[PDB]
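In PDB author numbering, the protein residues as written are 29 to 233, 238 to 348.
Where a beta carbon is used, it is the ideal one built from N, C-alpha and C, also for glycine.
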Amino acid sequence: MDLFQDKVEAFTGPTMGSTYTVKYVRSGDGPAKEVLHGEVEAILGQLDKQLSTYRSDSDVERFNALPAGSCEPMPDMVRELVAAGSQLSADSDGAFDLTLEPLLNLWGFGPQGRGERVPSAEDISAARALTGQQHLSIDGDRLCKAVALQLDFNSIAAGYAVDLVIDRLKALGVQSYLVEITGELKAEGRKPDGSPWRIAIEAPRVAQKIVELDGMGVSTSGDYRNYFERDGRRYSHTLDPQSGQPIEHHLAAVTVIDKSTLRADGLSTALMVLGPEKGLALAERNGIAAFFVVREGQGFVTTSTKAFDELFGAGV
Ligand SMILES: [Mg+2]
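1) In whole angstroms, what separates the C-alpha of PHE324 from that of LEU314?
2) Grab me the residues of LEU179's own chain with a C-beta within less than 7 Å of its C-beta, minus the 5 sequence neighbours each way, in chain order.
3) Where do the N-terminal and C-terminal ends of the beta strand (DSSP E) with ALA321 fall, by residue?
4) Using 6 Å as the cut-off, classify the Cβ of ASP104 as near or not near the heavy atoms of ligand 1, replying yes or no.
5) Cβ of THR301 versus every heavy atom of ligand 1: is any distance shorter than 6 Å?
6) Contact check, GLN78 vs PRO103 under 8 Å by CB: the rounded distance?
7) If we count the other Cβ atoms within 10 Å of its Cβ and call it buried at 16 or more, is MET105 buried or exposed?
8) When you compare the CB positions of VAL348 and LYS198, do they come within less than 7 Å of one another, or not?
9) Considering Cα atoms alone, identify which of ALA285, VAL286, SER300 is closest to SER292.
10) DSSP on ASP76, reduced to helix/strand/coil?
11) Cβ-heavy atom distance between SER183 and ligand 1 below 6 Å?
12) Among residues of its own chain, excluding the 5 on either side of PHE39, which ones have a beta-carbon nearer than 6 Å to its beta-carbon?
13) Just grab the DSSP bridge partners of residue 236 for me.
14) For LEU294 and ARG107, what's the separation of their Cα atoms in angstroms?
15) Quick one: any contact between the segment 146 to 160 and the segment 173 to 187, if contact means 3 or more CB pairs under 8 Å?
16) Please go through the same chain and pick out, in chain order, the residues whose beta-carbon is closer than 8 Å to the beta-carbon of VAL326, but skip the five residues on each side of it.
17) If you measure from the CB of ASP297, is any heavy atom of ligand 1 nearer than 6 Å?
18) Use the C-beta contact count for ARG83: other C-beta atoms within 10 angstroms, 16 or more gives buried, fewer gives exposed.
19) Taking 6 Å as the limit between beta carbons, can you name the residues of its chain near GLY222, skipping five residues before and five after?
20) CB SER251 to CB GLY187, shorter than 7 Å?
21) Along the chain, where does the alpha helix (DSSP H) that runs through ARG90 open and close?
22) For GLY122, which residues from the same chain have a beta carbon less than 7 Å from its beta carbon, with the 5 sequence-adjacent residues on both sides left out?
23) If we ignore side chains and look at the alpha-carbon of each, how far apart do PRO278 and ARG266 end up?
24) Could you tell me which uninterrupted alpha helix (DSSP H) segments, each at least 4 residues in length, are contained entirely in the segment 145 to 220, listed from first to last along the chain?
This is how it looks when you write it as structure tokens:
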């Protein structure tokens, strides 16, 4: 390194149950880091107030309490996300669904869930009748629901948060940055030496595929280290929207790379719903850059898509 050189600042903080980390290059112009730390905290406060199902005074919880047939005014975020969600649903053949909260609370995986309980085939049938993206619509500044929908934004919130933080760093003059919120992240520009921002994707055999992010967000659903079979059948908190039950298949993690970190968080969730086979086919069909970790024969196999291979090479 050189003696006179722009600084690479870093801060981190607590989330509701995890951490974020921002890193950025600060020029003489550019903003101080406590300013950004406060801009990032502000943004996270709005997300929590508008979209968290874990607090009762949230906008989404006010919407969730309402009965079938309700139209209710909602803030910009919620409508932005409902809309983004609608597209994700269409692009992923329904594997992406914001309306699973009743099946989540039924299977114990939710905010009002004691947990770890197997519900009947009757309660499942009842709860699925309170689900369905097609029943959600936007009307001016109102969100409407045709059945007693309960929304949950967790499959896309962290990614959206990353994109929002980046709009703000850009608006304040920052050019080069790596923003990570509970695992979702995006980076752009280069460090002062000229090096790029790099992430590692886990690629067990414990190999690692290293990629350079410049204008691209990454999202990883699952972690190959958490793969459980309860009684020789797979245990997970991921539900098929179409069937009421949890997923049976062997996909242990999937990583998506897209310019919109919101989209990566979403498609990532959808691919893990779909599994190793339907996952790959969709990803290839729609041209998604993705890297799958499939648990095969007491070990792991990895598979990358075509779009991923053009962006990053095939090797490791
Ligand atoms: Mg997600």
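Quick answer:
1) CA-CA distance, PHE324 to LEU314, rounds to 13 Å.
2) Once the five neighbours on either side are set aside, the close Cβ partners of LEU179 are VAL88, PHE91, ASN92, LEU126, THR127, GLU129.
3) If you look at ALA321, you'll find it in the beta strand (DSSP E) that goes 321 to 327.
4) No, the Cβ of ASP104 stays beyond 6 Å of every heavy atom of ligand 1.
5) Answer for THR301: yes, Cβ within range of ligand 1.
6) Rounded to the nearest angstrom, the Cβ distance from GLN78 to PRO103 is 5 Å, consistent with a contact under 8 Å.
7) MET105 should be labelled buried.
8) Annotated as distal: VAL348 and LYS198, with beta-carbon spacing of 7 Å or more.
9) If we check each option's Cα against that of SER292, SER300 comes out closest.
10) Assignment of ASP76 by DSSP, reduced to helix, strand and coil, places it in the helix class.
11) Checking the Cβ of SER183 against ligand 1 gives yes.
12) Once the five neighbours on either side are set aside, the close Cβ partners of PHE39 are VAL50, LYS61, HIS65.
13) Residue 236 cannot be located in this model; the chain continues from 233 straight on to 238.
14) Each residue's alpha carbon lies about 14 Å from the other.
15) Under the 8 Å Cβ criterion, the segment 146 to 160 counts as touching the segment 173 to 187, having at least three qualifying pairs.
16) For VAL326, where only same-chain residues beyond five positions count, the Cβ hits under 8 Å are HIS282, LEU283, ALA284, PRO308, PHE332, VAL333, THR334, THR335.
17) Yes, the beta carbon of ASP297 sits closer than 6 Å to at least one heavy atom of ligand 1.
18) With fewer than 16 other Cβ atoms inside 10 Å of its own Cβ, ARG83 counts as exposed.
19) Excluding residues within five positions, none has a Cβ falling inside 6 Å.
20) For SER251 and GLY187, yes; Cβs fall inside 7 Å.
21) 87 to 93 is the span of the alpha helix (DSSP H), which, as asked, contains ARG90.
22) Cβ contact annotation for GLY122 (same chain, cutoff 7 Å, sequence separation greater than five): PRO273, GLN274, in chain order.
23) Rounded to the nearest angstrom, the two C-alpha atoms are 9 Å apart.
24) Here the runs fully enclosed are 149 to 156, 185 to 199.
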